[PDB]
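>>> Can you look at this? It's an experimental structure, sequence on top.
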Amino acid sequence: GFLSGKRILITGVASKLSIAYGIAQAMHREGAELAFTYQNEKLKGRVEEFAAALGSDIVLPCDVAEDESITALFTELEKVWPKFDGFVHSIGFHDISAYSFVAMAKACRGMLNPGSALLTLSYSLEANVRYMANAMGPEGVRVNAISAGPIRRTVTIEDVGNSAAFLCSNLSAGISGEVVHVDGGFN
Amino acid sequence: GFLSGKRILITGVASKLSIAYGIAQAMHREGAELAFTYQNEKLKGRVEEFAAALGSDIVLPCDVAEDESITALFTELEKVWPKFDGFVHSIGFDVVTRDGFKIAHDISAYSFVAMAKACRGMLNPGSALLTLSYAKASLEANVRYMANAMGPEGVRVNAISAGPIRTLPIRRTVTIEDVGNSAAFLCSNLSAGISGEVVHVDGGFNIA
Amino acid sequence: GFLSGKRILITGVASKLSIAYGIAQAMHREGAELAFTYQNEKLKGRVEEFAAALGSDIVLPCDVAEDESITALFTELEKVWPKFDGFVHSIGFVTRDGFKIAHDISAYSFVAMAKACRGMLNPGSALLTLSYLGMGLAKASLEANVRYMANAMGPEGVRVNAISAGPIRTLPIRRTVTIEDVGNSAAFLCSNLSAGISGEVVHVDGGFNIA
Amino acid sequence: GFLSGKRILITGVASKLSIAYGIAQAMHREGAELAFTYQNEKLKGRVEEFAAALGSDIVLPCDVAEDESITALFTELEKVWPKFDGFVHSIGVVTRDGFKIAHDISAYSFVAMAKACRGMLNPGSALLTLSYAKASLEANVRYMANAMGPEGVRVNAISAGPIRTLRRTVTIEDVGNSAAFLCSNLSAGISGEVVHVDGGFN
């Protein structure tokens, strides 16, 4: 698929209903190798099962709230993926979600291949993927966000997933520093 | 490819360097059947050659400036494609502005909604229309209003705002391939969750 | 390729995105044997990896800031390449130029390295210096250092040129160069194809966008 | 070679010692398909022989001094090469001036030929002009490159020094290889530039 060759880290899988899980499924379908993080120890088993379902052995702990946890994650990740092609940051409703996104970027900055793409999930707040994209663009890294509608217009998890898959693939190479609104689907 | 099953009309091919042509190439690569329009009679031969390059025999005349030309286009098109899955609208264009009767360069905005109205009945469910863009308050919610109108009948409407496209303060150059793949995506079912949106395709920094 | 037979030393590789790295890739593709220098010890491992990717075992330290480091480089180099065919010199940066712009170190290191390896250069050798732009290092900065070097070393069979590259795509009339474009121009300017070109600064800016 | 796939028109071959001839030889060696023009009918036979030597059948008349001759050339050329990849252009106020508009300038033929073949140029095409204090070294090359860049065409010049006197001498091979390079994709990052080929320290 259009993600063949890519190694992408998915954060925010907690259940099979998670938006991040549908993104992972879409990315798997398009031939990406995936890695997953679990927030807490309770989730470790579930996430390992979901990861295995998609042929992944890389399940690492990470609390995106703590900077040391992020540094630790990327220290551990480098042992199996010395280089990778970006991550999906999906920790939902503070600049805590904004901060953790820039934190994780800084933490994995050296492990990113040229052509890498970071993606943050959104579902008076202006997301500032703009400044991240301008910073990391010169070294070949793209940064974007998906602002997803409620999962009358209903978005399917598959819809979000495919947009996410696209925005992490080379198909979307001309798109960086952008917030894509995925609300569409009236009835 | 991810456009297999789709029949997409490409407007605005005038040369192989046309942005519309690169979009057609990308869409062809992803398995879409294509149809092309020529503005000018002079262009008919060129466009037929380019169309043939992408395995298409459907080349029809259309001046988006004239409403009857649009109606005529879709009348002719229905004879080969009774139903199709959307189109790419890629056609942008001395004495002091105070002057007699003109539409006043309505084009693009108007022609986009005109073509939508004209082919409204020929669109399959899941169709997608795409318009290209390449003090300037030209940012519009034409796309927003079109998407809200046509969404209930299964049709998505989006625009690509492309940065400077390499022929082949943050300077950024795009690359036709980049524009083409975004366009292909926005006309495919991959982008089913995206309607009424203007996607900015500027990306491509330089080294420091 | 058109660089078969040549042994070329590439300085200024720090990452796969380094302009010097793209030049090395192009030169490798055209059949040159390469040697690399690392600026600092932190980079030694990276540069050795990149060098190995292009089949090179010669990775030597050089801080072009210090004269002894240059002398040391060519002392070490002569042990594996007693003779070689030139090098690529790629080191970085109102009346700002009034101020203590302690560059001109980049101009100096180029002539220093030339003096240092002068005896190891085969007839037909070519030295190349790279300049890049991402009042400001393109005013009083354009020099006949290249011209004077070429006139000095020409009689002994050595050509000297520079590439002035425009903005290099990461991958006024705005233009962008591809790393491949820079690389091939560099490869050409170090090959015998460019034998009639010495003491010259070649501007590699090209790459227009459509209207 | 590095010119495989290219179709390049060489103007200014008059003898085997012509600078344009050495350029043609170098370009042939690098796998280019060539076409040649003869200035006058006296030369037609010689140029056809030289062309044949390099496996070319396309020998057309052109006097770059006359606009009609240029238009004619590209009309004829399109019959065998409907599309091509560029050309090498190699040609060599008293106040009385019988009150005449002193034409306009000099080369001019370079920009004329560019306009005339503009439609037949593939993307990635490259035009090259040869030049061989009166610093009337202006760069019409700069303005040409800016004009034709957006449609994928590069424009450059070679300013060649004295040729092997056939001190710094240029060999015809040296000029040829620089010319070959400047018409190939190797030189894709070079447009609107005047490359000085003087080198060769006895």
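Looks like it arrived, so ask away. Residues are numbered from 1 along each chain as shown, chains lettered A, B, ... in the order given.
>>> the strands in chain A, which residues?
Using DSSP state E, the strands of chain A run over residues A:7-10, A:33-38, A:59-61, A:87-89, A:117-121, A:142-148, A:178-182.
>>> between those, which one is nearest to chain B?
Across the strands of chain A, chain B has its closest neighbour in strand A:178-182 (4.2 Å, Cβ to the nearest Cβ). (Each C-beta comes from the backbone N, C-alpha and C, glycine too.)
>>> Say whether chain B is contacted by the closest one.
Yes. Counting by Cβ under 8 Å from any Cβ of the partner chain, contacts between strand A:178-182 and chain B involve A:178, A:180, A:181, A:182.
>>> May I have the beta-bridge partners of the second one?
Pointing back at residue A:180 there. Per DSSP bridges, the residues bridged to residue A:180 are residue A:146.
>>> Just give the number of residues close to it.
Using other Cβ atoms under 10 Å in any protein chain shown, residue A:180 has 24 neighbouring residues.
>>> How about the contacts made by it?
Residues near residue A:180 by Cβ atoms under 8 Å, 6 or more residues apart in numbering or on different chains: A:144, A:145, A:146, A:147, A:163, A:167, B:194, B:197, B:199.
>>> cool, the last one as well?
Applying Cβ under 8 Å, 6+ apart, one finds that residue A:182 lies in contact with A:146, A:147, A:148, A:149, A:155, A:159, A:160, A:163, B:193, B:194.
>>> Buried ones only from these, please, as a ChimeraX command.
Buried subset of the contacts of residue A:182, written as a ChimeraX selection, criterion 16 or more other Cβ atoms under 10 Å in any protein chain shown:
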select /A:146,148,149,155,159,160,163 /B:193,194
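>>> Could you identify the most distant pair in the contacts of residue A:182?
Greatest spatial distance in the contacts of residue A:182: A:147 and A:159, 13.0 Å, computed using Cβ to Cβ.
>>> was I right about residue A:14 contacting residue A:46?
Yes. Counting by Cβ atoms under 8 Å, residue A:14 touches residue A:46, with 7.3 Å between them.
>>> OK, contacts around the closest residue to residue A:109 other than its chain neighbours?
Distances taken as Cβ to Cβ, 6 or more residues apart in numbering or on different chains place residue A:136 nearest to residue A:109, at 7.5 Å, with adjacent residues excluded. Residue A:136 makes contacts with A:105, A:109, A:112, A:118, A:142, A:143, as judged by Cβ under 8 Å, 6+ apart.
>>> what's the span of stretch A:22-40, first residue to last?
20 Å (Cα to Cα, to the nearest Å).
>>> What sits closest to the closest residue to chain C within chain A if chain neighbours are left out?
Per Cβ to the nearest Cβ, residue A:140 is where chain A lies closest to chain C, at 5.1 Å. Spatial nearest neighbour of residue A:140, excluding adjacent residues (Cβ to Cβ, 6+ apart): residue A:114 at 3.1 Å.
>>> Which positions in chain A make contact with chain B?
Residues of chain A lying near chain B (Cβ under 8 Å from any Cβ): A:2, A:133-134, A:137-139, A:142, A:148, A:153, A:155-156, A:158-160, A:162-163, A:165-166, A:170-178, A:180-187.
>>> partners of the most centrally placed residue in chain A in the sheet?
With distances taken as Cα atoms, centre = their mean, residue A:88 lies nearest the centre of chain A, 0.3 Å away. Counting by DSSP bridges, residue A:88 is bridged to residue A:10, residue A:119.
>>> Next up, the contacts around it.
Neighbours of residue A:88 in contact, by Cβ under 8 Å, 6+ apart: A:8-12, A:20, A:23-24, A:27, A:119-121, A:164, A:168.
>>> just residue A:168 next, same as before
So residue A:168 contacts A:3, A:6, A:8, A:27, A:32, A:85, A:86, A:88, A:117, A:119 (Cβ under 8 Å, 6+ apart).
>>> Let's see that with 7 Å instead.
Shown in contact with residue A:168 (Cβ atoms under 7 Å, 6 or more residues apart in numbering or on different chains): A:3, A:6, A:8, A:27, A:86, A:88, A:117, A:119.
>>> Next: residue A:69.
Here residue A:69 is in contact with A:62, A:63 (Cβ under 7 Å, 6+ apart).
>>> Go again with 10 Å.
Going by Cβ atoms under 10 Å, 6 or more residues apart in numbering or on different chains, residue A:69 touches A:37, A:39, A:60, A:61, A:62, A:63, A:100, A:103, A:107.
>>> Make JSON lines from those residues and add distance to chain C to it.
What follows is the contacts of residue A:69, written out as JSON lines (distance: Cβ to the nearest Cβ, whole Å):
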{"residue": "A:37", "distance to chain C": "27"}
{"residue": "A:39", "distance to chain C": "34"}
{"residue": "A:60", "distance to chain C": "25"}
{"residue": "A:61", "distance to chain C": "29"}
{"residue": "A:62", "distance to chain C": "27"}
{"residue": "A:63", "distance to chain C": "31"}
{"residue": "A:100", "distance to chain C": "26"}
{"residue": "A:103", "distance to chain C": "23"}
{"residue": "A:107", "distance to chain C": "18"}
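>>> closest to chain D among these?
Nearest to chain D among these: residue A:107, at 36.0 Å, using Cβ to the nearest Cβ.
>>> quick one: the closest one and residue A:76 touch, right?
No. Counting by Cβ atoms under 10 Å, residue A:107 does not reach residue A:76; the two are 11.5 Å apart.
>>> tell me, what's touching those two both at once?
Shared contacts of residue A:107 and residue A:76, counting by Cβ under 10 Å, 6+ apart, come down to residue A:62.
>>> Make sure residue A:75 is actually in contact with residue A:107.
Yes. Applying Cβ under 10 Å, one finds residue A:75 in contact with residue A:107, separated by 8.9 Å.
>>> list residues touching both of these two?
With Cβ under 10 Å, 6+ apart applied, the contact sets of residue A:75 and residue A:107 do not overlap.
>>> which residues in chain A form helices?
In chain A, the helices defined using DSSP state H lie at A:19-29, A:44-53, A:67-77, A:96-107, A:129-136, A:157-167.
>>> sorry, back to before: ok, now which ones touch the residue nearest to residue A:140?
Going by Cβ under 10 Å, 6+ apart, the list of residues near residue A:114 reads A:85, A:139, A:140, A:141, C:15, C:16, C:17, C:170, C:171.
>>> Quick one: end-to-end distance for stretch A:151-163.
14 Å.
>>> residues in chain A within reach of chain D, list them.
Contact residues, chain A versus chain D (Cβ under 10 Å from any Cβ of the partner chain): none.
>>> tell me which parts of chain A are close to chain C?
Counting by Cβ under 10 Å from any Cβ, chain A sits next to chain C at A:110, A:113, A:114, A:115, A:137, A:138, A:139, A:140, A:141, A:173.
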